[PDB]
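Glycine gets a Cβ as well: all are built from the backbone with ideal geometry, and neighbour counts include every protein chain shown. Bear in mind these aren't lab numbers, they're just calculated from the coordinates by the rules spelled out.
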Amino acid sequence: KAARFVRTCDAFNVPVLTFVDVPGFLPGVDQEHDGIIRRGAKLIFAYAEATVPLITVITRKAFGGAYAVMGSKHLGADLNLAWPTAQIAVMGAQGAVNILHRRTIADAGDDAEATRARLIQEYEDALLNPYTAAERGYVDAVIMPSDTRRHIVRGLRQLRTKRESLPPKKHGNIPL
Amino acid sequence: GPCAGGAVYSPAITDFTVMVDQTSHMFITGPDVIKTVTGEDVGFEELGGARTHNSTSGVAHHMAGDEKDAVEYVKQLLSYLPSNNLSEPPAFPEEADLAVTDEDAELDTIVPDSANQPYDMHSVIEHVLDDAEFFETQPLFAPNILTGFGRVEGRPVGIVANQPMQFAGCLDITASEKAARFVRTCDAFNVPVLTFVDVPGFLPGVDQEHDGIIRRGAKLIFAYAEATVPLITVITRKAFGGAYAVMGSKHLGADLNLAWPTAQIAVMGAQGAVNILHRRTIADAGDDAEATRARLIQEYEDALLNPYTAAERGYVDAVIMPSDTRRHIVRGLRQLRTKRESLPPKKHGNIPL
Amino acid sequence: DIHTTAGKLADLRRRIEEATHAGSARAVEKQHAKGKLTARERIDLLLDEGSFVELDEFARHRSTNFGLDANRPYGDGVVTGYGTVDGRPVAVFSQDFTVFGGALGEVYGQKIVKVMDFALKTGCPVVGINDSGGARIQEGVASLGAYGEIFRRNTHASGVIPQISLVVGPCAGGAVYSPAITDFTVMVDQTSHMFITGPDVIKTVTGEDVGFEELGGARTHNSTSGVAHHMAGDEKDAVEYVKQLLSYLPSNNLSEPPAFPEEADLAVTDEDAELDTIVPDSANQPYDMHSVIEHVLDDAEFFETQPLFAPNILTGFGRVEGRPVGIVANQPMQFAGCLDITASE
Amino acid sequence: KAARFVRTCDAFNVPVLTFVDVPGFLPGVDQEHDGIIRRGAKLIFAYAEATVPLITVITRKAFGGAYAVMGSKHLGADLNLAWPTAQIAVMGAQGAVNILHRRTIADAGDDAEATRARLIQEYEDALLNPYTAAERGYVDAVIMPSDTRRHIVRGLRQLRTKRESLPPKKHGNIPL
């Protein structure tokens, strides 16, 4: 649904402002059976393609590939903005720790949770927030929410015109 | 080998995928998770293994016996396509022999007198093809519709057709999902599409409708009007409803439309069409009315249920004998070979998703 | 049988027998003596053997007007199909006289639209043949519109894919206009008539008697109208020139002219000198242009066009070194090699 | 004189409003020999090609080809209007009849001459009008004579925009 709205807004030259608080993607047997793998992708493709100004702001937790799918700079968005709240990850701290530390966790069966919980804490405490990503330049700034309208209004002024080009083709092969 | 999480998405964009049975896997998310998350336990193959994409998602183009095989399929499939969308598909030119061969004739007799009875479209696709080669894409999914690559006169060509044999050879959302991409993919790389048409209806459903037939079928009607490559079509037999507009009809803009005598093209299925047209009369006299309704049915099928009523307008370029069909296909191609076509400049086109 | 598949094909052969046969043998017989040949025939000749593809072969008129429907002959008294001349792609129609006296109808106009579009779309030249009586009276203005589609096309093409007009039959009314647009007109003596307005009317208003050959006839157009490119002895001749003219041209504005590469003789060949001496010492005397052009197209060959019209200048195209070329020269012989409006035009 | 002008209009983008009363093409031998088919035919040429806004009003007879040549839809004109008065027909009802009923007309010696008169009346009644055209859509509007200004005006505003595409050429071959 969002993907059309994107391709469509892109068609007519309309700037899209996108707000992302997605932790992951729906889990269903049905969701892979139907073919989420085709269907979801249309979303990356739409933002990828789109030559209208993109501004994206992340107000809460962005985890996993889902993070990219939503007008992540990587896809091609011009400005990306993050609140102090926004948490960006590979995965929820919980699995996240499960995997890194798994052998440590078997180690000392005694006080298993305590070691395990303590760790699940060290990881969110020091990862699950914008700055790690900011450092990288994945997101242009982390800007206090109060300043959020100021950021969109300005960023439009600059991006209104912006232009992009690529080698010609009749039509795309975006998955249906 | 298994691919999980976002990555699955990169293949998704990609024009083709091949997967290797019970060695490959694909998944948006893992089995351990849906189970904590949804409460439905599932296995790894059951969740998204090579067979499951191949049939049930409709995301996996092909299944292969073993890796040595899959690669081979990868090599054969490349051969069809152009290095890039500037060049045409490599064709190793061989002159055709028109002179009708025994094999052509077989066509006269492929269609079986029964309206109900099926045939395997697969014989009719081959008859056109060099060395009876056809290379099949996504066989597993929505068999009702067969999508293929083929060569004639040495220049590669690409197939959309109805199959009677599976699910009565009518349209379903999975099929429109399957072909429509496939036309677009061909038009993209400059590969001529040959379409063979025998569709009665698009599956009737209360599930067919919800899931989004209205959006999803369209893509197919969109893919065809969009495409600029030479499009040539044969109506074997069944033409009915929207389905006629939709497969590769002259309407969209396709260059040569060819119909067998056997072939019928119509508003509605006759049994249907009569009810609505004569609803007034069958009702009148409601004894000895019922018998009137089938016997009338014969007045309408006999008269309106063949190609010329269409041809007479020209909607159909030619009506030809069935063996003939190979002949139409080669001379036609030869002519269309240079085809070119125009539209208003747009960044992209908002095909319904 | 009839329900059955064997039967369904059989009916088809039976229709095919019919559509190629649209006039009465009596329409046909009458044409044939005339000195001239039917549309299927005209076609077989222009297009290389076996090549031909029918279109809209089965197509038949939707009419009500004036009893018209009574007969709905297959192919609408045009034949339209694509065939290859000398192994280059061609798109064709022949008007059929037998039918409706070769009048034009909504389906008949559309028939032609399929052929012209096939051609613009593909990029090959359309040789169109007309023996067309006029614009079919019955259809009503529908006829008048169909014509227009054709004109509108005749412009949008002209100068992308070459249009050659074979007139072997009278053209009356708007019909004329369509050849007028087409890049070349080739027409046949005593057999081909073109006219904007019919004789009978000019007498009614202008009180002028006229003959047909004189008012519209192949020689008249060629020399006096100066809208006729060519005049040919006979119907086999008229087609033969058409194959020969085309050879010269490219399939479409986007190609070079088809040429057979041949190496030239650099050397100043014996004929070559014949030049120094062609000119007479005194200035009054006229000497043939045609010899000067001859000396300089391979094989000493000139395809003259419109020889009749404005002799003041000769216009052709000849091949140098296997690439096609075209010749405008002045012609002392006739009217002292001057410019004039018939000659500028 | 007109075809030059219609091209002259077109070169500079000046929309053409072209108003129709044509009864046919001048009769006379000088006209064929001087050459009419090649000279006249140019208009048809001027009109099919032009890319500027076209509005065509019938106000008079439009019989025989002349109907097409004079800025008709068929060339491609975007909009077409006709008055009640306007008669559009393949030909004059007077010529028209003789050709269609020609036989009907020979058989009696008398009641033959009056009869032709009735018939020419019958065909004028039913065939000499704007409407037979409206039914195909050959013509967009039948509008009253005062309106005609209303229509030129809205019609111009709408068209101001129009552009259209044709295959690449160096020049056309318009008859000279």
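Here are C:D340, C:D299: which of them is of a type in the set (D, E), surrounded by fewer than 16 Cβ atoms within 10 Å (Cβ to Cβ) and more than 25 Å from C:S225 (Cα to Cα)?
The conditions single out C:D299.
Have a look at B:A132, B:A161 and point out the one that is touching a helix residue (DSSP H, G or I) at 6+ places or on another chain (Cβ under 6 Å), among the small types (G, A, S), closer than 28 Å to C:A6 by Cβ and crowded, with 20+ Cβ neighbours inside 10 Å.
Only one candidate passes the filter, namely B:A161.
In the range D:131-144, which residue that is aliphatic (A, V, I, L, M) and in a helix (DSSP H, G or I) is nearest to the other protein chains (Cβ to nearest Cβ)?
First, the residues of the range D:131-144 that are aliphatic (A, V, I, L, M): D:133-134, D:139, D:141-144.
From what's left, in a helix (DSSP H, G or I): D:133-134.
Details: D:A133: 6, D:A134: 11 Å.
Looking at the filtered set, the residue picked out is D:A133.
Hey, among the residues in the range C:144-171 that are under 25 Å from C:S63 (Cβ atoms), of a type in the set (G, A, S) and in contact (Cβ under 8 Å) with a residue 40 or more places away in the chain, which one's surrounded by the fewest Cβ atoms within 10 Å (Cβ to Cβ)?
C:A146
Among the residues that make up the range A:107-130, is at least one of them touching a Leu at 6+ places or on another chain (Cβ under 7 Å) and either assigned to a loop (DSSP other than H, G, I, E, B) or touching a residue at least 60 places away in the same chain (Cβ under 8 Å) (or both)?
no
Out of the residues in the range C:193-230 that are outside any loop (DSSP other than H, G, I, E, B) and hydroxyl-bearing (S, T, Y), which is surrounded by the most Cβ atoms within 10 Å (Cβ to Cβ)? Steps first, answer last, please.
Within the range C:193-230, the first condition is being outside any loop (DSSP other than H, G, I, E, B), and the residues that meet it are C:193-195, C:199-206, C:212-225, C:230.
Still in the list and also hydroxyl-bearing (S, T, Y): C:204, C:206, C:220, C:223-225.
Details: C:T204: 12, C:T206: 16, C:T220: 23, C:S223: 18, C:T224: 17, C:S225: 20.
Looking at residues that are outside any loop (DSSP other than H, G, I, E, B) and hydroxyl-bearing (S, T, Y), I get C:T220.
Collect the residues in the range B:57-67 that are touching a residue at least 24 places away in the same chain (Cβ under 8 Å) and in a helix (DSSP H, G or I), keeping them in residue-number order.
B:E67, the sole residue that qualifies.
Given the condition within 30 Å of D:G71 (Cβ to Cβ) and outside any helix (DSSP H, G or I), answer yes or no: does some residue in the range C:150-158 qualify? Give the derivation first.
Going through the range C:150-158, the residues within 30 Å of D:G71 (Cβ to Cβ) turn out to be C:150-158.
Within this subset, residues satisfying the condition of being outside any helix (DSSP H, G or I) are C:158.
Yes, that holds for at least one residue.
Counting only residues that are crowded, with 16+ Cβ neighbours inside 10 Å, of a type outside the set (F, W, Y) and part of a loop (DSSP other than H, G, I, E, B), which one in the range B:16-26 is nearest to the other protein chains (Cβ to nearest Cβ)? Walk me through how you get there before you give the answer.
Taking the range B:16-26 and keeping what is crowded, with 16+ Cβ neighbours inside 10 Å, we get B:16-21, B:24-26.
In the following step, the residues that additionally are of a type outside the set (F, W, Y) were identified as B:17-21, B:24-26.
From what is left, the residues that are part of a loop (DSSP other than H, G, I, E, B) are B:17, B:21, B:24.
Values: B:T17: 9, B:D21: 18, B:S24: 13 Å.
Looking at the filtered set, the residue picked out is B:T17.
State the number of residues belonging to the range C:10-54 that are within 25 Å of C:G83 (Cα to Cα) and in a helix (DSSP H, G or I).
20
Is it the case that the range C:32-51 has a residue that's farther than 30 Å from D:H101 by Cα, free of Cβ contacts under 8 Å to residues at least 24 places away in the same chain and away from chain B (no Cβ under 14 Å)?
yes
With the requirement that a residue be part of a helix (DSSP H, G or I) and either in contact with a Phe, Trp or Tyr (Cβ under 6 Å, 6 or more places away or on another chain) or more than 10 Å from chain A (Cβ to nearest Cβ) (or both), what does the range B:183-201 give you?
Scanning the range B:183-201 gives B:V183, B:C186.
Which numbered condition in (1) more than 30 Å from B:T14 (Cβ to Cβ); (2) assigned to a loop (DSSP other than H, G, I, E, B) is the only one that A:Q94 fails?
(2)
From the list C:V126, C:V113, which residue is closer than 15 Å to C:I43 by Cα and among the hydrophobic types (A, V, I, L, M, F, W, C)?
C:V126
Return the residues of the range D:137-150 that are under 19 Å from the mean Cα position of the chain (by Cα) and either on the phi < 0 side of the Ramachandran plot or polar (S, T, N, Q) (or both); say none if nothing qualifies. Steps first, answer last, please.
As a first pass, look at the range D:137-150 and keep what is under 19 Å from the mean Cα position of the chain (by Cα): D:137-145, D:148.
Listed by number, the residues that qualify are D:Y138, D:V139, D:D140, D:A141, D:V142, D:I143, D:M144, D:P145, D:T148.
Filter the range B:202-227 for residues that are outside any helix (DSSP H, G or I) and surrounded by fewer than 16 Cβ atoms within 10 Å (Cβ to Cβ) and give the result.
Of everything in the range B:202-227, those that are outside any helix (DSSP H, G or I) and surrounded by fewer than 16 Cβ atoms within 10 Å (Cβ to Cβ) turn out to be B:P204, B:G205, B:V206, B:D207, B:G212.
Residues are listed down the side, and each one gets a yes or a no for (1) among the aliphatic types (A, V, I, L, M); (2) more than 19 Å from the chain's Cα centre (by Cα):
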residue	(1), (2)
A:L79	yes, no
A:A82	yes, no
A:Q87	no, no
A:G95	no, no
A:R102	no, yes
A:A108	yes, yes
A:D111	no, yes
A:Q121	no, yes
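Looking at B:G5, B:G48, B:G43, B:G65, which one is at positive phi and either facing chain A (nearest Cβ under 7 Å) or surrounded by fewer than 19 Cβ atoms within 10 Å (Cβ to Cβ) (or both)? First the steps, then the outcome.
On the way: B:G48 fails: at positive phi; B:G43 fails: at positive phi; B:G65 fails: at positive phi.
None of the other options fit; the residue is B:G5.
Mind listing just one residue for me: the one in the range D:164-176 that is facing another protein chain (nearest Cβ under 7 Å) and of a type in the set (D, E, K, R) and, of those, surrounded by the most Cβ atoms within 10 Å (Cβ to Cβ)?
Among those residues, the one meeting the criterion is D:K169.
Test of understanding: among C:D56, C:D117, C:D69, which residue is on the phi > 0 side of the Ramachandran plot, within 14 Å of chain B (Cβ to nearest Cβ) and either crowded, with 23+ Cβ neighbours inside 10 Å or over 17 Å from the mean Cα position of the chain (by Cα) (or both)?
C:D56 is the lone residue from the list that is on the phi > 0 side of the Ramachandran plot, within 14 Å of chain B (Cβ to nearest Cβ) and either crowded, with 23+ Cβ neighbours inside 10 Å or over 17 Å from the mean Cα position of the chain (by Cα) (or both).
If you take the residues in the range B:68-83 that are free of Cβ contacts under 8 Å to residues at least 24 places away in the same chain and not acidic (D, E), which one is nearest to the other protein chains (Cβ to nearest Cβ)?
Only one residue fits best here, namely B:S83.
State whether one or more residues within the range D:27-42 are free of Cβ contacts under 8 Å to residues at least 60 places away in the same chain, under 13 Å from C:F151 (Cα atoms), in contact with a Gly (Cβ under 7 Å, 6 or more places away or on another chain) and assigned to a helix (DSSP H, G or I).
Checked the range D:27-42: no residue is free of Cβ contacts under 8 Å to residues at least 60 places away in the same chain, under 13 Å from C:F151 (Cα atoms), in contact with a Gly (Cβ under 7 Å, 6 or more places away or on another chain) and assigned to a helix (DSSP H, G or I).
Mind checking which residues of the range C:130-147 are of a type in the set (V, I, T) and assigned to a loop (DSSP other than H, G, I, E, B)?
Of everything in the range C:130-147, just one residue is of a type in the set (V, I, T) and assigned to a loop (DSSP other than H, G, I, E, B), namely C:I137.
Does the range C:98-157 hold any residues that are of a type in the set (S, T, Y) and out of contact with any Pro (no Cβ under 8 Å at 6 or more places or on another chain), and which are they?
C:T98, C:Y108, C:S143, C:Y147, C:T155, listed by residue number.
For the range B:312-353, which positions are within 7 Å of chain C (Cβ to nearest Cβ), more than 22 Å from the chain's Cα centre (by Cα) and among the small types (G, A, S)?
Answer for the range B:312-353, where residues must be within 7 Å of chain C (Cβ to nearest Cβ), more than 22 Å from the chain's Cα centre (by Cα) and among the small types (G, A, S): just B:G314.
Any residue in the range D:149-157 that is outside any helix (DSSP H, G or I) and either more than 14 Å from chain C (Cβ to nearest Cβ) or of a type in the set (D, E) (or both)?
Taking every residue of the range D:149-157 in turn, none turns out to be outside any helix (DSSP H, G or I) and either more than 14 Å from chain C (Cβ to nearest Cβ) or of a type in the set (D, E) (or both).
Could you list, in sequence order, all residues of the range A:74-94 that are out of contact with any strand residue (DSSP E or B) (no Cβ under 9 Å at 6 or more places or on another chain) and either buried (at least 19 other Cβ atoms within 10 Å of the Cβ) or among the acidic types (D, E) (or both)?
Once the filter is applied, which keeps residues that are out of contact with any strand residue (DSSP E or B) (no Cβ under 9 Å at 6 or more places or on another chain) and either buried (at least 19 other Cβ atoms within 10 Å of the Cβ) or among the acidic types (D, E) (or both), the range A:74-94 yields only A:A93.
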